[PDB]
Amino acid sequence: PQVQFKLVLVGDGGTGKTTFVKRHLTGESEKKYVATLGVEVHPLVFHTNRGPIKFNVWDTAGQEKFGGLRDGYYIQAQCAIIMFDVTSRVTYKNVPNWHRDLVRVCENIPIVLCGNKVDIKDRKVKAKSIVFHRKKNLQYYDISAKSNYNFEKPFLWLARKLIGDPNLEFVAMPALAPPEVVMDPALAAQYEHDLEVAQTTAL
């Protein structure tokens, strides 16, 4: 018997949800199609110091572009990622709506907020503006799906919260599609520092 969690991946169309979940190669090759709901469930295995865990990540087929998702999409989710696009402020402005829809069905499951596409130079939603997670007991990370930057961070934080073990570690990264763009290491260090600085500042 294995440890597995339903993880729903939500956020405006175009924010990079599909690109993100697809980085995990075995999760893509072993994905399962749910015809009633139009969902692809990607089984993403991570090897922890206590054994493998599996995040069954629910990816839409684009229906979020036309309104909210059906209850069945959310039902029995044990955790979630809400994604926005740091080059589109409206996607961040819609984060509260996605959170509302999620909590309506699932209550206060562990949720990570992810700002995607930080590889793009002309960033619009910067650390100082990202505060919704502080307001709602949520963890935040910058991510770049196309470069695999911070790919494992949401999953590690969720694993620790779900399993109740703050010392849980991933023993190795899963096999990921090779980066299609380079995330500048200096830019990443700067963005991480900006997030720390903002975390210490008052709302």
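Don't overthink the numbering: it's just position in the shown sequence, from 1.
When the two stretches 21-29 and 186-194 are set side by side, the higher mean Cα temperature factor goes to 186-194.
Stretches compared: 133-141, 163-171. Higher mean C-alpha B-factor in the entry: 133-141. As recorded in the PDB entry, 66 shows the highest C-alpha B-factor of the residues 149, 157, 66, 55.
The deposited CA B-factor of residue 88 belongs to the highest third of values across its chain.
Ranked by C-alpha B-factor against the other modelled residues of its chain, residue 125 falls in the highest third.
In the deposited entry, the Cα temperature factor of residue 116 sits in the middle third of values across the chain's modelled residues. In the PDB entry, residue 76 places in the middle third of its chain by CA B-factor. In this PDB entry, residue 109 carries a Cα temperature factor that places it within the middle third of its chain's modelled residues.
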